[PDB]
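To begin, one chain is listed below as structure tokens, in the form deposited in one PDB entry.
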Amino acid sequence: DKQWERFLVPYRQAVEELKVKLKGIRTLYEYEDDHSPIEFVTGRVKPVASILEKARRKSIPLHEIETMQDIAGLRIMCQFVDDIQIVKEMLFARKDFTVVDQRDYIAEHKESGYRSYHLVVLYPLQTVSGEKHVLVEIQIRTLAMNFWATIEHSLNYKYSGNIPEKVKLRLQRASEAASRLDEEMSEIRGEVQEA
């Protein structure tokens, strides 16, 4: 419980770095006056309780926690669905890490009407001890989907996994609303490029 804080140190650092790196993209794009594919970036280090519980369910032995793919997380947000593929292509082309193949959250991507996506990278962190490779999960969401996802996450923690029938249905409604807001935005960015 105090060897935890020590264990995670490399995970913060990689977060702080990919954070500043990813944030450079928007800045570069701000000089073209061209539309930035990136609205903003956030990151987080998975909490101990989140990590242990996820181990539980994924039957990940405790000496193999390093296999967990989201101890270090970043989240890239965009205005437009179509921005995601752009961002994905940028991340594949980058050479300061490498994309780890994987096929997870296939239902989550789909249920969200493909407004939430993600890919895992192996990042080569320079340690005092030398070099330490760490998994980093990079989410890619629309602003709209992320709004909805945030609310779902709160209530889901508020009722500890038991969202009342009444509230679930209003939350489903909210989801479709968000999904629709994107619909109309994609049609905006669509109508524009008819230039």
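Position 1 is the first residue in the sequence shown; the rest follow in order. What we label the rigid core is the largest C-alpha set whose atoms superpose within 1.5 Å from one form to the other. Residues that one form lacks are left out of the comparison.
- The PDB entry reports B-factors from which the mean C-alpha value can be compared for 165 to 173 and 144 to 152; the larger average falls on 165 to 173.
- Judged by mean Cα B factor in the deposited record, 26 to 34 ranks above the other of 26 to 34 and 155 to 163.
- Taking the PDB entry at face value, the top CA B factor among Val48, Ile138, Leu135, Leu62 belongs to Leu62.
- In this entry, the residue among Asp96, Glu89, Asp83, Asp101 with the greatest C-alpha B factor is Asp101.
- Ranked by C-alpha B-factor against the other modelled residues of its chain, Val128 falls in the highest third.
- Remark: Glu17 belongs to the lowest third of its chain, ranked by C-alpha B-factor as recorded.
- Ranked against the other modelled residues of its chain, the C-alpha B-factor of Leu74 as given in the entry falls in the lowest third.
Heads up, the form deposited in another entry isn't pictured, but that's what we're talking about next.
- Remark: with the core as the superposition reference, the CA shift of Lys95 between the shown form and the other one stays below 2 Å.
- When two forms of a protein are overlaid on their rigid core, residues whose CA moves 2 Å or more are considered shifted, and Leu169 is one of them between the shown form and the other one.
- Relative to the superposed rigid core, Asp82 undergoes a CA displacement smaller than 2 Å between the shown form and the other one.
- Between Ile106 and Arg141, the C-alpha separation shrinks by 3 Å or more in the other form, relative to the conformation displayed.
- Look at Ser112 and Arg94: in the other form their Cα atoms move 3 Å or more farther apart than in this form.
- Comparing the conformations between the shown form and the other one, with the rigid core held fixed, yields the displaced runs 101 to 115, 164 to 177, 188 to 190, 192 to 195, each spanning 3+ consecutive residues whose C-alpha shift is 2 Å or more.
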